[PDB]
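K.L.:
There's a structure below that I have some questions on.
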Amino acid sequence: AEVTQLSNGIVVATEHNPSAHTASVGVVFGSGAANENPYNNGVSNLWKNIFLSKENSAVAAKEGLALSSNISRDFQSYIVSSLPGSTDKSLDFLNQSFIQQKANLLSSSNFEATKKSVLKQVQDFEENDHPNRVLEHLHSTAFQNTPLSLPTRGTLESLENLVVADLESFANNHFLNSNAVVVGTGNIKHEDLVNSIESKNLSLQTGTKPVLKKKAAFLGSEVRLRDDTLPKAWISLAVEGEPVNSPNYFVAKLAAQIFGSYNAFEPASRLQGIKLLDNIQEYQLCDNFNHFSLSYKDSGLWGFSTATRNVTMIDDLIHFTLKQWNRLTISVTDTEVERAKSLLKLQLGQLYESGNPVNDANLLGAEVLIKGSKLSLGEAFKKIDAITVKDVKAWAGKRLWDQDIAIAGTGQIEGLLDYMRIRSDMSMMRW
Amino acid sequence: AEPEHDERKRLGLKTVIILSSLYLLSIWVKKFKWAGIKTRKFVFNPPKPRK
Ligand SMILES: CCCCCCCCCCCCCC(=O)O[C@H](COC(=O)CCCCCCCCCCC)COP(=O)(O)O
C-alpha cells in the first residue's frame, strides 16, 4: 500500500486500493467541535445533518451516491461514496453541494426540519445513551472552560438558539482552503483524482480559520450525574493523555492495551491475559470496561470507562483498577508488554486496514490534516516493536504515577467514594 | 517543693513550640484535604415529569 499527497492550496491525499469495489471521495475539514464557542455549540452537528438532509440525500441517490459525514473534536468530514466509475459524478455533486451553492440547502423548511431532527437526536442521546454521555461529561470536566470541553453533539440549550446566520458564519470562518483536505479512498487512482479536480475549479474559499485564544489544558476535577432510577452505574475516569505528534503516542496506546477491554458475559473475554481479571472476577465487580488512549491535537486522555450493576462495590473496582495502573510504574513484566504489542498490532491493523472506505477516508483526512502526511502501517509496526519495558515505566512515571485524574459518573454512583480517596489511590504508599 | 522547676520550664518551652508548629501544620493539611469538598457546587435542573 502507499499514500500519496499533493497540493494547490487544497490538499489531495489518496489510497489507491485496486482490490476494493467502491470509491469514497470527500472533503475533510480541519475544524471540529473544538473550534466553537459555547453559544454556537452544535453547529457542526447541524452541518452534518443538513448535508445528510432528505432533499440532498435524494439528489445524491438519483445517481447512486451514498453520503456520509462525521463530526469529531478536531476534524469534520463530508464523504461521498460511489462505484469506481463515478468519481467525476461524486466530485461534481460535492461541488454542487458545498461550493456552487448553499442557499438551497439552507432554505427555511429544510433548516427548520433539520433543527427539529437534531434537537430530537440530542435529547435522545441525552436521556438514553449512558456510557457515551459519561464520556462526553468526562471531556467536559477534564478540559473545562477550554474549547476542547465542548461536546460534538451539541447541547439542547444552545442548539435551539441557532439560526441560519450562525450556520453561514461558521461556514465562512471554517470551510476554507487551507483548512480542508479533499480525500479519495477506495478504488481510485491519485492521478485521476488530481486531474479531475484540476478539470473543475473546486475552490472552497480564500482561507484562514480563526485562531483559538486558549490552548487546551488538563484540569483534574469530577462531575457526578447521580440518577438513582437507573439500573447500572456508568463511570469514566482518566488522566491527561498524550496528544498526537507526541513521541509517547504508541507508548500511551500500548499502556491502554496492557489492560485491554473486557466483557463479563462473553466466555472468551473472561480468559484474557490480564492480571486485573483475577481480582475482578471473584465477586463480579463489573460487567465491562475498556481502556482508551484518546489523542487530540492539543492534549489527550488516558483512562478507562466501565459499567457495573454491583453498585455496592464500585470502590473496590476503582481500587483494583488503579492498583493495576500503579503496576505500570513499578513492576510491569516483559510478557505483558509482548502481549500488548501483539494485540495493538492486531487492533491497529484492523482499524487502519478494514474493508470500509469511509473509515479510511476519515482516518486519512484527520492524519494528513494534523501531521501533514500519513504514517503508513509498517513504520507504525516498527515503532511498536521499538517499545521496551523501560519506555513504559518512564511514561507511567511521567503521566500516571501520582497525577490528577478526571472522573465522570452517572446512575447509581453513591457507592463511588469521594475525590480524595480515588486521587490518593494513584500512588501506592508501598513504593 | 519543686526541684523539677528548671527542667519543667525548658521542656515546656520545647513542647509548646513543637505543638504550636504541629497545630498550624495540621490546620494547613485540613484546609488542604477538604478543598475538594468546600468548593463543591451543585446545580439542579428538575427532571422531566413524564417518567
Ligand atoms: C501515650 C499518650 C501520650 C500522649 C501525650 C499527649 C500530651 C501532650 C504532652 C506530652 C508531653 C510528654 C512528652 C514530652 O515531655 O516531650 C517533651 C518534648 O515535647 C514534645 O515533643 C511533645 C510533643 C507531643 C507530640 C505527640 C505525638 C503523638 C505521639 C503518640 C504516641 C506514640 C520532652 O522532650 P525530650 O525528653 O527532651 O526529647
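Sequence lines, in order, name chains A and D. The deposited numbering puts the first residue of the first sequence at 27, with every later residue one more than the last. The deposited numbering puts the first residue of the second sequence at 259, with every later residue one more than the last. We put the CB at the ideal spot given by N, CA and C, even for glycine.
#1: Quick one: which chain A residues come within Cβ less than 7 Å of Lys288 (chain D)?
#2: Quick one: Cα of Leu256 (chain A) to Cα of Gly437 (chain A), how far?
#3: I need the DSSP call for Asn205 (chain A), collapsed to helix, strand or coil.
#4: Going by alpha carbons, who is nearest to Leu188 (chain A) out of A:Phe151, A:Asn66, A:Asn205?
#5: Which of the three DSSP states is assigned to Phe302 (chain D) in this structure?
#6: In chain order, what residues place their C-beta within less than 7 Å of a heavy atom belonging to ligand 1?
#7: Report the residue from A:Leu311, A:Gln310, A:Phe315, A:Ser83 whose alpha carbon sits nearest the alpha carbon of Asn158 (chain A).
#8: Going along the chain, which residues of its own chain have a beta-carbon closer than 7 Å to the beta-carbon of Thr414 (chain A), five neighbours each way excluded?
#9: So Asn271 (chain A) and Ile356 (chain A) are in contact, right, with Cβ under 8 Å, and what is the actual spacing, rounded?
#10: In angstroms with no decimal places, state the Cα-to-Cα distance between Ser229 (chain A) and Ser95 (chain A).
#11: Determine whether the Cβ of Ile295 (chain D) lies closer than 9 Å to any Cβ atom of chain A.
#12: Can you confirm whether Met446 (chain A), when its beta carbon is compared against all beta carbons of chain D, has any partner nearer than 9 Å?
#13: At the level of alpha carbons, what is the spacing between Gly90 (chain A) and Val337 (chain A)?
#14: Of the choices A:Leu219, A:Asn171, A:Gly56, whose alpha-carbon is the least far from that of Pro110 (chain A)?
#15: Helix or strand or just coil, what does DSSP make of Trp260 (chain A)?
#16: Is residue 8 (chain A) buried or exposed, if buried means 16 or more other CB atoms sit within 10 Å of its CB?
#17: Between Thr232 (chain A) and chain D, is the shortest Cβ-Cβ distance under 9 Å, so that the two count as touching?
#18: Can a CB atom of chain D be found closer than 9 Å to the CB of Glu153 (chain A)?
#19: What's the C-alpha gap between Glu440 (chain A) and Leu311 (chain A)?
#20: By the 10 Å Cβ neighbour count, where 16 or more other Cβ atoms means buried, how is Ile105 (chain A) classified, buried or exposed?
#21: So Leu251 (chain A) is in the beta strand (DSSP E); what residue range does that whole segment cover?
#22: Would you tell me roughly how many angstroms separate the C-alpha atoms of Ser135 (chain A) and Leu193 (chain A), rounded to the nearest one?
#23: CB-CB under 8 Å to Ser325 (chain A), same chain, minus the five flanking residues each way: which ones, in chain order?
#24: With 16 other CB atoms within 10 Å as the buried threshold, where does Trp286 (chain D) fall?
#25: How is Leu327 (chain A) classed by DSSP in three states: helix, strand or coil?
#26: For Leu72 (chain A), which residues in the same chain have their Cβ closer than 6 Å to its Cβ, ignoring the five residues on either side in sequence?
#27: Determine the chain A residues that contact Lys291 (chain D) at a beta-carbon separation under 8 Å, and present them in chain order.
#28: Tell me, please, whether the stretch 261-270 of chain D touches the stretch 191-208 of chain A by the rule of three or more beta-carbon pairs shorter than 8 Å.
#29: Beta carbon of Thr140 (chain A), beta carbon of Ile76 (chain A): below 9 Å?
#30: Once the 5 residues before and after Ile97 (chain A) are set aside, which same chain residues still bring their CB inside 6 Å of it?
#31: Please state whether DSSP places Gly375 (chain A) in a helix, a strand or coil.
#32: When you compare the stretch 48-67 of chain A with the stretch 385-395 of chain A, are there three or more beta-carbon pairs, one atom per stretch, that lie closer than 8 Å?
#33: Could you give the distance in angstroms between the alpha-carbon of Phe137 (chain A) and the alpha-carbon of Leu377 (chain A)?
#34: For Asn82 (chain A) and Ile448 (chain A), what's the separation of their Cα atoms in angstroms?
#35: Looking at the secondary structure, which residues open and close the beta strand (DSSP E) in which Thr40 (chain A) lies?
#36: Would the stretch 280-297 of chain A count as touching the stretch 361-370 of chain A if we require 3 or more Cβ pairs under 8 Å?
P.N.:
Reading it off the structure:
#1: Neighbours of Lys288 (chain D) on chain A: none; closest Cβ ~12 Å, over 7 Å.
#2: 5 Å
#3: coil
#4: A:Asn66
#5: Three-state result, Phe302 (chain D): coil.
#6: D:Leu269, D:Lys272, D:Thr273, D:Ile276, D:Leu277, D:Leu280
#7: A:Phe315
#8: There are no such residues.
#9: Incorrect: roughly 29 Å between the Cβ atoms, too far for contact.
#10: 20 Å
#11: Chain A, which has a Cβ nearer than 9 Å to the Cβ of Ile295 (chain D), makes this yes.
#12: Look at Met446 (chain A): its C-beta is under 9 Å from a C-beta on chain D.
#13: 51 Å
#14: A:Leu219
#15: strand
#16: Residue coverage of chain A in this structure runs from 27 to 457, which leaves residue 8 (chain A) outside it and unanswerable.
#17: no
#18: yes
#19: 15 Å
#20: Under this definition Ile105 (chain A) is a buried residue.
#21: Residues 248-252.
#22: Answer to the nearest angstrom: the Cα atoms are 15 Å apart.
#23: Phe169, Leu174, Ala242, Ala243, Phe244, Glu266, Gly267, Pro269
#24: exposed
#25: strand
#26: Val144
#27: Counting only Cβ-Cβ distances below 8 Å, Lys291 (chain D) has contacts in chain A at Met446, in chain order.
#28: Contact between the stretch 261-270 of chain D and the stretch 191-208 of chain A is absent: fewer than three C-beta pairs spanning the two stretches fall below 8 Å.
#29: yes
#30: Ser70, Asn71, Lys74, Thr178
#31: helix
#32: Verdict: yes, contact present.
#33: 35 Å
#34: Pairing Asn82 (chain A) with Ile448 (chain A), the inter-Cα distance amounts to about 50 Å.
#35: Note, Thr40 (chain A): beta strand (DSSP E), 37-42.
#36: yes
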